[PDB]
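As provided, my_file-v6.txt (compact mmCIF, C-alpha atoms and all ligand atoms) reads as follows.
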```txt
# COMPACT_ATOMS: atom_id res chain seq x y z
CA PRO F 1 16.46 -16.75 -35.87
CA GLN F 2 17.84 -14.79 -32.92
CA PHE F 3 16.01 -13.78 -29.77
CA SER F 4 17.07 -10.83 -27.64
CA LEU F 5 15.92 -11.47 -24.20
CA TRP F 6 14.09 -8.19 -23.43
CA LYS F 7 10.82 -9.99 -23.72
CA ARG F 8 10.02 -13.68 -23.01
CA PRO F 9 11.22 -15.82 -25.91
CA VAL F 10 7.71 -17.19 -26.74
CA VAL F 11 6.81 -18.83 -30.06
CA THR F 12 4.01 -20.81 -31.67
CA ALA F 13 4.64 -24.61 -31.80
CA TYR F 14 2.23 -27.26 -33.10
CA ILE F 15 2.07 -30.42 -30.98
CA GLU F 16 0.36 -33.20 -32.88
CA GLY F 17 -1.11 -30.50 -35.10
CA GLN F 18 -2.37 -28.30 -32.21
CA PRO F 19 -0.85 -24.81 -31.94
CA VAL F 20 0.35 -23.77 -28.49
CA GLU F 21 2.37 -20.85 -27.36
CA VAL F 22 5.59 -21.97 -25.72
CA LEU F 23 8.49 -20.48 -23.76
CA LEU F 24 12.05 -21.40 -25.04
CA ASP F 25 13.57 -22.23 -21.73
CA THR F 26 17.31 -22.99 -21.20
CA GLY F 27 16.80 -23.50 -17.50
CA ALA F 28 14.31 -26.29 -18.00
CA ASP F 29 15.54 -29.89 -18.16
CA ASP F 30 12.17 -31.19 -19.60
CA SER F 31 9.36 -29.84 -21.77
CA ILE F 32 5.87 -29.39 -20.25
CA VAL F 33 2.66 -28.19 -21.87
CA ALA F 34 -0.86 -27.62 -20.63
CA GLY F 35 -4.25 -27.72 -22.38
CA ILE F 36 -3.37 -30.46 -24.84
CA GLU F 37 -4.72 -34.00 -24.75
CA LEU F 38 -2.22 -36.43 -25.77
CA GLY F 39 -4.03 -39.67 -25.32
CA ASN F 40 -3.58 -42.88 -23.36
CA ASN F 41 -0.04 -43.81 -23.91
CA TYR F 42 1.89 -42.13 -21.15
CA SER F 43 3.83 -42.71 -17.97
CA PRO F 44 2.94 -40.93 -14.76
CA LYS F 45 5.86 -38.84 -13.67
CA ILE F 46 6.57 -35.83 -11.57
CA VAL F 47 8.27 -32.58 -12.41
CA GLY F 48 9.49 -29.89 -10.03
CA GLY F 49 10.89 -26.41 -9.82
CA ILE F 50 10.64 -23.39 -7.56
CA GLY F 51 7.80 -23.86 -5.14
CA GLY F 52 7.67 -27.71 -5.31
CA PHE F 53 6.31 -30.38 -7.70
CA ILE F 54 3.48 -31.32 -9.94
CA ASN F 55 2.11 -34.50 -11.34
CA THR F 56 2.62 -35.03 -15.02
CA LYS F 57 1.99 -37.40 -17.86
CA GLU F 58 5.03 -38.20 -19.93
CA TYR F 59 4.58 -38.85 -23.73
CA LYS F 60 7.36 -40.12 -25.99
CA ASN F 61 8.05 -39.42 -29.72
CA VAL F 62 5.55 -36.58 -29.98
CA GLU F 63 5.39 -34.75 -33.31
CA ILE F 64 6.39 -31.09 -33.05
CA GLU F 65 6.64 -28.29 -35.63
CA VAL F 66 8.36 -25.15 -34.32
CA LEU F 67 10.66 -22.48 -35.80
CA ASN F 68 10.24 -24.07 -39.21
CA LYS F 69 11.54 -27.43 -38.04
CA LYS F 70 9.93 -30.82 -37.52
CA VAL F 71 11.07 -32.96 -34.60
CA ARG F 72 9.83 -35.79 -32.36
CA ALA F 73 10.48 -35.43 -28.65
CA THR F 74 9.35 -36.27 -25.18
CA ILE F 75 6.74 -33.97 -23.81
CA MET F 76 4.97 -33.87 -20.44
CA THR F 77 1.46 -32.62 -19.92
CA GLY F 78 0.54 -31.19 -16.51
CA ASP F 79 -0.75 -28.19 -14.65
CA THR F 80 1.95 -25.73 -15.70
CA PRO F 81 1.24 -22.02 -15.54
CA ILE F 82 3.27 -21.41 -18.72
CA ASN F 83 4.09 -23.85 -21.56
CA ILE F 84 7.75 -24.79 -21.61
CA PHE F 85 10.14 -26.13 -24.31
CA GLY F 86 13.17 -27.18 -22.33
CA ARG F 87 16.65 -28.35 -23.29
CA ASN F 88 15.41 -31.61 -24.74
CA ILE F 89 13.71 -29.86 -27.56
CA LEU F 90 16.12 -26.93 -27.86
CA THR F 91 18.97 -29.36 -28.47
CA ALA F 92 17.03 -31.24 -31.12
CA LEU F 93 16.41 -27.92 -32.90
CA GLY F 94 20.09 -26.98 -32.77
CA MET F 95 19.44 -23.87 -30.68
CA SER F 96 22.32 -22.26 -28.67
CA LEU F 97 22.80 -19.47 -26.05
CA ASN F 98 25.44 -16.99 -27.12
CA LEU F 99 27.26 -13.88 -25.94
CA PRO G 1 30.90 -17.71 -25.98
CA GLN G 2 28.29 -20.28 -27.16
CA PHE G 3 26.48 -22.87 -25.17
CA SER G 4 25.05 -25.94 -26.77
CA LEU G 5 22.17 -27.03 -24.67
CA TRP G 6 23.18 -30.70 -24.24
CA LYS G 7 24.28 -29.92 -20.60
CA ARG G 8 22.79 -27.18 -18.39
CA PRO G 9 24.35 -23.87 -19.26
CA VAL G 10 26.01 -23.30 -15.80
CA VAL G 11 28.82 -20.82 -15.09
CA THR G 12 30.65 -19.31 -12.20
CA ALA G 13 29.62 -15.80 -11.20
CA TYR G 14 30.83 -13.53 -8.47
CA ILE G 15 27.97 -11.77 -6.61
CA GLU G 16 29.39 -8.82 -4.59
CA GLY G 17 32.65 -10.68 -4.80
CA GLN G 18 31.36 -14.13 -3.75
CA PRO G 19 31.64 -17.11 -6.12
CA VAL G 20 28.44 -19.02 -6.93
CA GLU G 21 27.53 -21.45 -9.67
CA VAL G 22 24.57 -20.10 -11.74
CA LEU G 23 22.29 -21.44 -14.47
CA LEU G 24 21.69 -19.10 -17.49
CA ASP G 25 17.92 -19.16 -17.69
CA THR G 26 15.97 -17.68 -20.69
CA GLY G 27 12.74 -18.92 -19.08
CA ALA G 28 13.14 -16.95 -15.85
CA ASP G 29 11.95 -13.35 -15.61
CA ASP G 30 13.88 -12.79 -12.37
CA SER G 31 17.21 -13.88 -10.85
CA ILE G 32 17.39 -15.87 -7.64
CA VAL G 33 20.34 -17.12 -5.62
CA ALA G 34 20.73 -19.15 -2.45
CA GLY G 35 23.33 -19.02 0.22
CA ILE G 36 24.87 -15.68 -0.08
CA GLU G 37 24.02 -13.07 2.44
CA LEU G 38 23.56 -9.70 0.76
CA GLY G 39 22.66 -7.68 3.86
CA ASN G 40 19.69 -5.70 5.14
CA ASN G 41 18.49 -3.40 2.36
CA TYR G 42 16.01 -5.78 0.80
CA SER G 43 12.29 -5.94 0.44
CA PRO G 44 10.43 -9.07 0.69
CA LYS G 45 8.92 -10.52 -2.46
CA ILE G 46 6.71 -13.55 -3.21
CA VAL G 47 7.84 -15.35 -6.39
CA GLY G 48 6.00 -18.08 -8.31
CA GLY G 49 7.58 -21.21 -9.83
CA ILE G 50 6.21 -24.26 -11.55
CA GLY G 51 5.19 -25.87 -8.22
CA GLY G 52 4.21 -22.97 -6.09
CA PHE G 53 5.30 -19.67 -4.56
CA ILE G 54 8.22 -18.85 -2.38
CA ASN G 55 9.19 -15.90 -0.14
CA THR G 56 12.29 -14.01 -1.21
CA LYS G 57 14.43 -11.01 -0.33
CA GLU G 58 14.89 -8.67 -3.23
CA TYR G 59 18.14 -6.69 -3.52
CA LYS G 60 18.62 -3.97 -6.14
CA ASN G 61 21.78 -2.76 -7.75
CA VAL G 62 23.93 -5.80 -6.94
CA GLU G 63 27.33 -5.94 -8.47
CA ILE G 64 27.71 -9.05 -10.62
CA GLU G 65 30.69 -10.23 -12.45
CA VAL G 66 30.06 -13.04 -15.02
CA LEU G 67 31.44 -14.22 -18.37
CA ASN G 68 34.07 -11.48 -18.10
CA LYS G 69 31.39 -8.76 -17.78
CA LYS G 70 30.41 -6.57 -14.95
CA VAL G 71 26.79 -5.56 -14.45
CA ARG G 72 24.46 -4.20 -11.69
CA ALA G 73 21.15 -5.87 -11.44
CA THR G 74 18.38 -6.95 -9.22
CA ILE G 75 18.82 -10.23 -7.39
CA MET G 76 16.51 -12.11 -5.11
CA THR G 77 17.55 -14.47 -2.36
CA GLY G 78 15.53 -17.47 -1.28
CA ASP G 79 15.30 -21.26 -1.29
CA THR G 80 16.08 -22.31 -4.71
CA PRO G 81 17.55 -25.65 -5.49
CA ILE G 82 19.69 -24.10 -8.21
CA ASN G 83 20.99 -20.58 -8.51
CA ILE G 84 19.41 -18.88 -11.46
CA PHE G 85 20.27 -15.91 -13.68
CA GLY G 86 17.18 -14.91 -15.62
CA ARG G 87 16.39 -12.44 -18.40
CA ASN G 88 17.09 -9.35 -16.36
CA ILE G 89 20.78 -10.25 -16.19
CA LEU G 90 21.00 -12.12 -19.56
CA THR G 91 19.70 -8.91 -21.20
CA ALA G 92 22.27 -6.65 -19.55
CA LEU G 93 25.03 -9.14 -20.53
CA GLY G 94 23.82 -9.01 -24.09
CA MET G 95 23.14 -12.76 -24.52
CA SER G 96 20.84 -14.14 -27.15
CA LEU G 97 19.07 -17.39 -28.03
CA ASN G 98 19.93 -18.35 -31.56
CA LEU G 99 18.95 -20.96 -34.07
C1 LIG R 1 10.09 -26.78 -15.97
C2 LIG R 1 10.93 -27.63 -15.02
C3 LIG R 1 11.25 -29.00 -15.65
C4 LIG R 1 12.22 -26.91 -14.64
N1 LIG R 1 13.02 -27.57 -13.62
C5 LIG R 1 14.22 -28.18 -13.81
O1 LIG R 1 14.73 -28.24 -14.96
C6 LIG R 1 14.82 -28.68 -12.61
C7 LIG R 1 16.15 -29.08 -12.56
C8 LIG R 1 16.71 -29.51 -11.35
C9 LIG R 1 15.97 -29.48 -10.18
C10 LIG R 1 16.51 -29.90 -8.95
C11 LIG R 1 15.75 -29.90 -7.80
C12 LIG R 1 14.44 -29.49 -7.88
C13 LIG R 1 13.91 -29.03 -9.09
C14 LIG R 1 14.68 -29.07 -10.24
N2 LIG R 1 14.17 -28.69 -11.42
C15 LIG R 1 12.04 -25.50 -14.17
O2 LIG R 1 11.15 -25.19 -13.37
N3 LIG R 1 12.94 -24.62 -14.58
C16 LIG R 1 12.84 -23.22 -14.16
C17 LIG R 1 14.16 -22.80 -13.48
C18 LIG R 1 14.57 -23.76 -12.40
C19 LIG R 1 15.65 -24.63 -12.54
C20 LIG R 1 16.00 -25.52 -11.52
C21 LIG R 1 15.24 -25.61 -10.35
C22 LIG R 1 14.20 -24.70 -10.17
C23 LIG R 1 13.85 -23.82 -11.20
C24 LIG R 1 12.43 -22.38 -15.35
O3 LIG R 1 13.51 -22.23 -16.28
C25 LIG R 1 11.93 -20.99 -15.04
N4 LIG R 1 10.51 -21.07 -14.77
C26 LIG R 1 9.63 -21.34 -15.93
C27 LIG R 1 8.26 -21.76 -15.43
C28 LIG R 1 7.67 -20.55 -14.78
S1 LIG R 1 6.05 -20.74 -13.98
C29 LIG R 1 5.96 -19.50 -12.63
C30 LIG R 1 4.73 -18.73 -12.91
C31 LIG R 1 3.63 -18.77 -12.07
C32 LIG R 1 2.46 -18.12 -12.50
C33 LIG R 1 2.45 -17.46 -13.74
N5 LIG R 1 3.51 -17.47 -14.56
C34 LIG R 1 4.65 -18.09 -14.17
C35 LIG R 1 8.59 -20.05 -13.66
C36 LIG R 1 10.07 -19.92 -13.93
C37 LIG R 1 10.85 -19.77 -12.64
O4 LIG R 1 11.06 -20.82 -11.97
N6 LIG R 1 11.19 -18.44 -12.40
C38 LIG R 1 11.91 -17.97 -11.27
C39 LIG R 1 13.24 -18.68 -11.18
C40 LIG R 1 12.15 -16.48 -11.43
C41 LIG R 1 11.12 -18.16 -9.97
```

Hey, can you dump this file as structure tokens for me?
Amino acid sequence: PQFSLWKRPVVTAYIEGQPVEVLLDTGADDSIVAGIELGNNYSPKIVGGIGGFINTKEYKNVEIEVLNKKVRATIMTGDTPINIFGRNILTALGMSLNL
Amino acid sequence: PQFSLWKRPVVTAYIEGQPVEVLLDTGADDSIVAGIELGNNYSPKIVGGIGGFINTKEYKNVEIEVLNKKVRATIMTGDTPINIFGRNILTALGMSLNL
């Protein structure tokens, strides 16, 4: 798969079986999703960007199906305006930025 | 060129001849740089990030030289911890996200 960047590179991912629409984001160091309940086993963390920071819950070894692949990665849940799949996941998938 | 996403995809760009280090950001709709003065023909813009909104100065038709290409694009200026090149520039450069 190749994504021109005219539109936002958004895809459907399933996180612990729940479909979510996510942004493939090379500028994001971490992955953060909203509207999913991941349970009790997390660590309270913070994540920031333009405009400041937000509280998050960090989950490890989360099952993810996306772009026809199956991976386990660290995902944060928090009040993000858009769901993000950052470098942690992109790397696991073998995705690259090319010119 | 190809960028594996193990490290942040950061390159040197010259903005109206001035060198700056920029992050190639598929998740960003706009481009925002700090610490270059681009002059007085700007219009103020409010831009939203993961943690909040910031005030920016938007400049149009800025000459950019990056990855051996020359483009003219819109650039905002404001307090960003990291200089970012978003989809507006990535598109004009002809970059893609591939898997
Ligand atoms: C998701 C985060 C883990 C991620 N941040 C980082 O990876 C990160 C790295 C180093 C840092 C150093 C100091 C302080 C913060 C740092 N944050 C991030 O926000 N990345 C940004 C770019 C970035 C990198 C570094 C620092 C700051 C910002 C993302 O790619 C682009 N981002 C994706 C989330 C949307 S949410 C914004 C919004 C509001 C309402 C509705 N819809 C959208 C906004 C958009 C963005 O920042 N876009 C620009 C740059 C155009 C403002």

d(atom CA of residue 89 of chain F, atom CA of residue 6 of chain F) in Å
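Here the two named atoms are 22.1 Å from each other.
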
For chain G, report every residue with an atom at most 9 Å from chain F (counting only C-alpha atoms), formatted as a PyMOL selection string.
chain G and resi 1-9+23-29+47-54+67+79-81+84+86-88+90-91+93-99

The residues within 12 Å of (16.9, -3.2, -6.2), using all atoms listed in the file and the coordinates of the file, should be reported as a PDB file with C-alpha atoms, keeping the file's coordinate frame; which are they?
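Writing the result to out_13.pdb gives the following:
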```
ATOM      1  CA  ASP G  30      13.880 -12.790 -12.370  1.00  0.00           C
ATOM      2  CA  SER G  31      17.210 -13.880 -10.850  1.00  0.00           C
ATOM      3  CA  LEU G  38      23.560  -9.700   0.760  1.00  0.00           C
ATOM      4  CA  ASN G  40      19.690  -5.700   5.140  1.00  0.00           C
ATOM      5  CA  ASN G  41      18.490  -3.400   2.360  1.00  0.00           C
ATOM      6  CA  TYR G  42      16.010  -5.780   0.800  1.00  0.00           C
ATOM      7  CA  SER G  43      12.290  -5.940   0.440  1.00  0.00           C
ATOM      8  CA  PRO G  44      10.430  -9.070   0.690  1.00  0.00           C
ATOM      9  CA  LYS G  45       8.920 -10.520  -2.460  1.00  0.00           C
ATOM     10  CA  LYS G  57      14.430 -11.010  -0.330  1.00  0.00           C
ATOM     11  CA  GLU G  58      14.890  -8.670  -3.230  1.00  0.00           C
ATOM     12  CA  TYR G  59      18.140  -6.690  -3.520  1.00  0.00           C
ATOM     13  CA  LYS G  60      18.620  -3.970  -6.140  1.00  0.00           C
ATOM     14  CA  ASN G  61      21.780  -2.760  -7.750  1.00  0.00           C
ATOM     15  CA  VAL G  62      23.930  -5.800  -6.940  1.00  0.00           C
ATOM     16  CA  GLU G  63      27.330  -5.940  -8.470  1.00  0.00           C
ATOM     17  CA  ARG G  72      24.460  -4.200 -11.690  1.00  0.00           C
ATOM     18  CA  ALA G  73      21.150  -5.870 -11.440  1.00  0.00           C
ATOM     19  CA  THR G  74      18.380  -6.950  -9.220  1.00  0.00           C
ATOM     20  CA  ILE G  75      18.820 -10.230  -7.390  1.00  0.00           C
ATOM     21  CA  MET G  76      16.510 -12.110  -5.110  1.00  0.00           C
ATOM     22  CA  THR G  77      17.550 -14.470  -2.360  1.00  0.00           C
ATOM     23  CA  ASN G  88      17.090  -9.350 -16.360  1.00  0.00           C
TER      24      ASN G  88
END
```

Counting all atoms listed in the file, which of G:32, G:70, G:20, G:14 gets nearest to ligand LIG 1 (chain R)?
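Smallest distance to ligand LIG 1 (chain R) is found for G:32.
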
What's the separation between atom CA of residue 68 of chain G and atom CA of residue 11 of chain G, in Å to one decimal place?
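Going from atom CA of residue 68 of chain G over to atom CA of residue 11 of chain G, I get 11.1 Å.
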
Could you work out an axis-aligned box for ligand LIG 1 (chain R), taking every atom the file lists and adding 3 Å on each side, and report centre and edge lengths in Å to one decimal, as JSON?
```
{"center_x": 9.6, "center_y": -23.2, "center_z": -12.0, "size_x": 20.3, "size_y": 19.4, "size_z": 14.5}
```

With only C-alpha atoms and all ligand atoms as the atoms that count, which of G:46, G:39, G:13, G:71 lies nearest to ligand LIG 1 (chain R)?
G:46

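With distances taken over all atoms listed in the file, F:22 is the one residue among F:12, F:36, F:22, F:65 lying closest to ligand LIG 1 (chain R).
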
What does the distance from atom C6 of ligand LIG 1 (chain R) to atom CA of residue 16 of chain G come to in Å, to one decimal?
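Taking atom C6 of ligand LIG 1 (chain R) and atom CA of residue 16 of chain G, their separation equals 25.9 Å.
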
Residue with smallest distance to ligand LIG 1 (chain R) - pool G:83, G:18, G:34, G:64, counting only C-alpha atoms and all ligand atoms
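Using only C-alpha atoms and all ligand atoms, the shortest distance to ligand LIG 1 (chain R) belongs to G:83.
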